[PDB]
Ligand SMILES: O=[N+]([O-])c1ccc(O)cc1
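Only one chain is given next, in structure tokens, and it is the form deposited without ligand NPO.
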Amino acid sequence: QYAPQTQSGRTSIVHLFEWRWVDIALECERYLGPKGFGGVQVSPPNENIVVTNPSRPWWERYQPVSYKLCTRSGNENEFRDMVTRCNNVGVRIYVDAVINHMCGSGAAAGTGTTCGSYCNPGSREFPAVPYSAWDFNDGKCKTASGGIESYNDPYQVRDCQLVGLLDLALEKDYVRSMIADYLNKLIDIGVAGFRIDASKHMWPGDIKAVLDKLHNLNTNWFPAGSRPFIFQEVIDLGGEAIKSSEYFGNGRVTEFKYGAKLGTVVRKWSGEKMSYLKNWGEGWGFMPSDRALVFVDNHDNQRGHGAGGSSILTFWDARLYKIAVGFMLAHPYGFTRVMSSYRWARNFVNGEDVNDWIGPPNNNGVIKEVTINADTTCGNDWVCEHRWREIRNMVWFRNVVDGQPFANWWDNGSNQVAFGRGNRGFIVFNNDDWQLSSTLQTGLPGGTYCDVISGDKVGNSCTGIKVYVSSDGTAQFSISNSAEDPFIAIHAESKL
């Protein structure tokens, strides 16, 4: 369950937050495939309750009402078409699995659902699954309010209701079997793995129970007994009863310590210096690399009050954002996930964005298609960070240096740093307020390389900065602190 199952050589996945199935299918063929992306993490493909107040927030999709593959992203055959078309071009699909809960206990009764299924939250009624009141924990919780009141007690965070969400009784075989049925159908459709949403709120044992019921991957694209990729969402920044190391037995885990620590470093807050990133990795208190799923930001914390507060960098902070994403991508620690989001009107009142609920680009609830401009950027308010040359080329960079050891670290004692990945790639950063001028050993074979951050190798030419490494592997680097993108990168396949 630890292996990503991506096509050999592909080392990252992108979160196409709220994209429609028809757009992802196309995106797979027109771009993800050609650009070496390993796979896509899609938003919950199961039916959820419809929220009109606020008007269709993104989070309504974390309130399941059934497991019918029917949502604002698309129907089941659209979903199927997408999995077939992405796999056929070497791009895996990973489903966001919301299995710890159904919708909010205080929702109205009726069919106000993405697929018209009926449900009565008040009575724990979900005929379309079907689930009854005895399929929920209600009695098992011991807090007075029935909700989570203290994260210092593992029992209530796993047996009580997260923000009113009807907590599913995952200890019951009936429940585990029903969830496995949903995930297995997905597997049979072609899905390569899952993100286990809100793992923190479930017992590791119940997870295991469900996981062990899962089928092997679809032999149409994978070899025989291939196990699905499992990466559990556990927000562990320390200071709590629950720790991520408790779920290592089920698969990998989201290391939120990563994005928090890196954001601070790159932002140069609290006296942090990039030169301190020499021992980046487990050394910094992080979980074991082969258990980590890393990212700079996620759909949740990029909205601020998530895991990491304002230290988390996002596309709003473009310049610095690209440097962090680039450092993570060049560095060997963990398995990387890049974020691809959508724009919305932020409105911070007393330190909190009260518009952070706003859902994906839409025309009266109907999600907008993702339009591609000739310059390869996206339209209709989709940010498409996964298409910024700076990030796109670094995903290629990671693919190219795969398996190569961290090497040739250099730093100017302040905020200028650089390192290599064996003899296949080198990267330099200038995060100081002054010019960077140095002759560094790149570990790369002599030659002329295209800087993949300022340009691209097209035909027999570079569109941007050219770096010349002499026979002895050294090269002169010059980056003004005022450069558009204060870091250069070159690799085996960017060599002219």
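Each residue number is its position in the shown sequence, starting from 1.
Another form exists, deposited with ligand NPO bound; not displayed. Remarks below refer to it.
Trainee: I'd like to know whether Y62 contacts ligand NPO in the deposited complex, with contact meaning heavy atoms within 4.5 angstroms.
Mentor: Yes, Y62 lies within 4.5 Å of ligand NPO in the deposited complex.
Trainee: Given that ligand NPO is not shown alongside this chain, does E246 nevertheless sit within 4.5 Å of it in the deposited complex, heavy atom to heavy atom?
Mentor: So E246 does not count as contacting ligand NPO.
Trainee: Whether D138 contacts ligand NPO in the deposited complex should be assessed with a 4.5 Å heavy atom distance threshold; does it?
Mentor: No - in the deposited complex, heavy atoms of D138 and ligand NPO never come within 4.5 Å of each other.
Trainee: Flag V163 as yes or no: does it have a non-hydrogen atom within 4.5 angstroms of any non-hydrogen atom of ligand NPO in the deposited complex?
Mentor: Yes, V163 sits close enough to ligand NPO in the deposited complex that at least one of its heavy atoms falls within 4.5 Å.
Trainee: Which is the contacting stretch out of 457-465, 429-437, 32-40, 54-62, given heavy atoms within 4.5 Å of ligand NPO in the deposited complex?
Mentor: Answer to the contact question: 54-62.
Trainee: If you check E78, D353, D402, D300 against ligand NPO in the deposited complex, which one has a heavy atom within 4.5 Å?
Mentor: In short, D300.
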